[PDB]
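*Asks:* Chains as they are written, first to last, in the deposited numbering: chain L, 147 to 292; chain C, 12 to 318, 323 to 432. Cβ atoms here follow ideal geometry from the backbone N, Cα and C, with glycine treated the same way.
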Amino acid sequence: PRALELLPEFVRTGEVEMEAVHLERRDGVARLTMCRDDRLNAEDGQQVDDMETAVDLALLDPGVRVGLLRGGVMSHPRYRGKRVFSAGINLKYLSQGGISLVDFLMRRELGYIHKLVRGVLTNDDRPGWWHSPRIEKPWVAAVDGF
Amino acid sequence: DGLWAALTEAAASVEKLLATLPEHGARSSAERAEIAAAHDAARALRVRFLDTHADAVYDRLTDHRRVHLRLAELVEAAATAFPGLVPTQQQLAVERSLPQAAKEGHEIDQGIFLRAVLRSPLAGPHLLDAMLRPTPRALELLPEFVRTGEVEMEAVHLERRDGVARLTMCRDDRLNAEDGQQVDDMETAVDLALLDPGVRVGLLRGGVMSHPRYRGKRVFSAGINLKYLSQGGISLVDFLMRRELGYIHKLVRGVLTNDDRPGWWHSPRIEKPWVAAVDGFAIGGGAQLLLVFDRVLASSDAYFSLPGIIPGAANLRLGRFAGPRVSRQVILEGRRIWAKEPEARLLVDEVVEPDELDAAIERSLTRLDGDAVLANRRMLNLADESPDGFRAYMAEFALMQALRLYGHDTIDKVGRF
Ligand SMILES: CC(C)(COP(=O)(O)OP(=O)(O)OC[C@H]1O[C@@H](n2cnc3c(N)ncnc32)[C@H](O)[C@@H]1OP(=O)(O)O)[C@@H](O)C(=O)NCCC(=O)NCCNC(=O)Cc1cc(O)cc(O)c1
């Protein structure tokens, strides 16, 4: 629902800034930039919500042809000015009890990661759907740092 | 003959023009061309003089090869015994006060001199022996090092432990950037390692860094201090030549001692095996050093590169490690080699994860203890790199590097760091 909510303003603007992901359409490319500059893109329940939302927007937006996932410039003193892709699950939150089995560990595997493979299942609301019930697009990954 | 008179005439014209002309940067194109033409006429005669007169010159300065003079002593003594052949201590002091852009390049004259000396089959090897002798600073500090197993210097911390000379390069603020003082400390420490009979193997490693980007991380070397080079603080003789003829050559061949111990008839030099451990990266002169060790270790995340001046003796040695193609890739085209890619084995024996590096370093220091290793490393080095080979290279290096030190493209790029 969040992605459907934000789709009109993304088709028009070509830009969405979220807490953990900045999404930009440019030259037909959905540029997802993981932008948790303070923690090297450590993952949590919010990051998955933004990732799934962004991936959906890339897939349902007809002006996007290829996707791109890349880590943004970091602000932490050891990495200031340098991009870092991902440092994995937020271990602090995990210890503190903030990592949900359903809303994180299961949500990410069945949702946006599975949509990277198989695309988004739409309604029967466009031509083709008989052969392509899902909209899928190719994805490029660029790993800076690690 | 006639060449000394023509030389003295040409140097007189140069000092006459320098007295009357404006300062560097206030000269006109017509003026800049007059002084450049005077320099060219003078230096051409310095070459012609020494092509025939090098041996006589060196013999006067060294009592027909009866006195071993180091480089600094040699060029200074040459200036006072042969005015205009090489700059005086005074002329060099003025040069040193200027940024590289504004210098006249008097050091090139030293490049000419050292080339002619090293080209001589008689004087050449004699000067290389002089530079293999222990430095006076080390002879000074040796008893206290024998007694305390520790010496702290500005750029190098030395510690004897378990029979190992541990050199730790500890310029925490600048990634171990090299300068004239580092060479004084590096040569001094190497001497102490070699002359201390309680030392059997040496170890070179970079200390923990303090700069915010690397705080808590060891880094081997980031090469020459480019800031100092731009500012005019890199001495052709006291840095570029001293390091190649001093501590780097002593890593290969050891220190030439007096005939003051048994064995000297078969072993006039004391040499020992050396181990290097590269944390972070080895750039420039740091990467150059790796071509001279008996064991080299590196952490998985390190890289090696030689990044416009000649990279010391890398042009001499890289071909023997990596062949003609890769060595041009590294030197001419700035290829960077990563510890974990296959061809790093051309330069590195072990590549280990940082969490396993410390123990891996320790194990290597126990494996080079024999007198057999000493006999073997001597025969290996002799075959790898001959006396003629090294001397032939360093002779030409003296001039080629001298010119590169003062090229317009070098001065420009070094000032942009
Ligand atoms: C080391 C790096 C790759 C790391 O990237 P960063 O961490 O982003 O870099 P920096 O912030 O510059 O590095 C941190 C820190 O070290 C300082 N540093 C590192 N190397 C140097 C040198 N060489 N000079 C001065 N300061 C230096 C740098 O200035 C920073 O301090 P601040 O001035 O306080 O900011 C980078 O700094 C870099 O590219 N440095 C230049 C490396 C270089 O070109 N070295 C020398 C190249 N050429 C030779 O040595 C040639 C040579 C040497 C010889 O000995 C003999 C010979 O015949 C020829």
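#1: According to DSSP, is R171(L) part of a helix, a strand, or is it coil?
#2: Looking at the structure shown, is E84(C) part of a helix, part of a strand, or coil, going by DSSP?
#3: Please list the terminal residues of the continuous alpha helix (DSSP H) segment that includes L205(C).
#4: Taking only the alpha-carbon atoms, compute the straight-line gap between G385(C) and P284(C) and give it to the nearest angstrom.
#5: The alpha helix (DSSP H) that contains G404(C), what's its start and end?
#6: Which residue's Cα is closest to the Cα of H222(C): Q192(C), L186(C), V248(C)?
#7: Just verifying my parser: in three-state terms, what is the DSSP assignment at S310(C)?
#8: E255(C) lies in the alpha helix (DSSP H); which residues open and close that run?
#9: Does the beta carbon of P223(C) sit closer than 8 Å to a beta carbon anywhere in chain L?
#10: Would you check if the segment 387-405 of chain C and the segment 216-231 of chain C touch, i.e. whether three or more CB-CB distances between them fall below 8 Å?
#11: Are the CB atoms of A200(C) and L169(C) within a distance shorter than 8 Å?
#12: According to the neighbour-count rule (16 or more other Cβ atoms, all chains shown, within 10 Å of its Cβ), is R254(C) buried or exposed?
#13: Which ranges would you report for the alpha helix (DSSP H) in the segment 199-249 of chain C if only whole runs of at least 4 residues count?
#14: Can at least three beta-carbon pairs, one atom from the segment 172-187 of chain C and one from the segment 97-107 of chain C, be found at a separation below 8 Å?
#15: Determine, using beta carbons only, whether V58(C) and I119(C) come nearer to each other than 8 Å.
#16: Could you give the DSSP three-state label for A149(C): helix, strand or coil?
#17: Anyone know if the C-beta pair for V167(L) and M180(L) falls short of 8 Å?
#18: Is it the case that the Cβ atoms of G291(C) and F336(C) are separated by a distance below 8 Å?
#19: For the alpha helix (DSSP H) that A387(C) lies in, which residues bound it at each end?
#20: Can you grab the Cα-Cα spacing for the pair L214(C) / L178(C), in whole Å?
#21: Ignoring anything shorter than 4 residues, give me the alpha helix (DSSP H) runs that lie fully in the segment 66-139 of chain C, in order along the chain.
#22: Skipping 5 residues on each side, what residues in its chain have a beta carbon closer than 8 Å to that of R229(C)?
#23: Is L331(C) near ligand 1, with its Cβ less than 7 Å from a heavy atom?
#24: Below 7 Å, is the gap between the Cβ of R224(C) and the nearest heavy atom of ligand 1?
#25: Spatial neighbours of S311(C) within its chain, please: CB distance less than 8 Å, with the 5 preceding and 5 following residues excluded, ordered by chain position.
#26: Using the Cβ count rule (16 or more neighbours within 10 Å means buried), how would you classify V78(C)?
#27: So, does the segment 67-87 of chain C touch the segment 137-148 of chain C, judging by three or more C-beta pairs under 8 Å?
#28: Report yes or no: do the segment 41-58 of chain C and the segment 23-31 of chain C share at least 3 C-beta pairs separated by less than 8 Å?
#29: Checking 8 Å against the spacing of the C-beta atoms, do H260(C) and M164(C) come in under that value?
#30: Straight-line CA distance for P357(C) to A55(C)?
#31: Would you check if the distance between the CB atom of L380(C) and the CB atom of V212(C) is smaller than 8 Å?
#32: Under 8 Å, do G297(C) and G234(C) count as touching if we go by C-beta distance?
#33: Per DSSP, what are the beta-bridge partners of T159(C) in this structure?
*Replies:* Answer, in terms of the structure:
#1: Collapsing the DSSP output to three states places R171(L) in a strand.
#2: Three-state DSSP puts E84(C) in a helix.
#3: Counting along the chain, the unbroken alpha helix (DSSP H) around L205(C) starts and ends at 191-206.
#4: The C-alpha of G385(C) lies about 10 Å from the C-alpha of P284(C).
#5: In this chain, the alpha helix (DSSP H) harbouring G404(C) covers 402-420.
#6: Closest in C-alpha terms to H222(C), from the list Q192(C), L186(C), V248(C), comes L186(C).
#7: For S310(C), the secondary structure class from DSSP, reduced to helix, strand or coil, is strand.
#8: Looking at the DSSP string, the run of the alpha helix (DSSP H) that includes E255(C) is 253-256.
#9: Chain L contact via Cβ: present.
#10: Output reads no: the segment 387-405 of chain C does not touch the segment 216-231 of chain C.
#11: Taking a C-beta distance under 8 Å as the contact criterion, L169(C) and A200(C) qualify as a contact pair.
#12: Here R254(C) is buried. Its C-beta has 16 or more other C-beta atoms within 10 Å.
#13: Taking only runs of at least 4 residues, the alpha helix (DSSP H) segments lying wholly in the segment 199-249 of chain C are 237-242.
#14: As far as the Cβ criterion goes, the segment 172-187 of chain C does not touch the segment 97-107 of chain C, which means the pair count is below three.
#15: Cβ distance not < 8 Å, so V58(C) and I119(C) don't count as in contact.
#16: Shown here, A149(C) sits in a helix according to DSSP, grouped into three states.
#17: Yes; because the gap between Cβ atoms is below 8 Å, this pair is in contact.
#18: At least 8 Å separates the beta-carbon of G291(C) from that of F336(C).
#19: Per DSSP, the unbroken alpha helix (DSSP H) holding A387(C) starts and ends at 386-399.
#20: If you draw a straight line from the Cα of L214(C) to the Cα of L178(C), it comes to about 6 Å.
#21: You should have 82-92, 100-108, 118-130.
#22: The answer, listed in chain order, is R216, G217, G218, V219, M220, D290, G291.
#23: Taking non-hydrogen atoms of ligand 1 into account, the C-beta of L331(C) is found less than 7 Å away from none of them.
#24: Flag set: Cβ of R224(C) near ligand 1.
#25: The answer, listed in chain order, is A354, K355, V366, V367, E368, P369.
#26: It counts as exposed.
#27: Contact between the segment 67-87 of chain C and the segment 137-148 of chain C is established, with three or more Cβ pairs separated by less than 8 Å.
#28: Touching, yes, given that three or more Cβ pairs across the two stretches are closer than 8 Å.
#29: Contact: no.
#30: As the crow flies, the alpha-carbon of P357(C) is around 47 Å from that of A55(C).
#31: Closer than 8 Å, so yes.
#32: In terms of Cβ geometry, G297(C) and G234(C) form a close pair [threshold 8 Å].
#33: Answer is none; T159(C) lacks a bridge partner.
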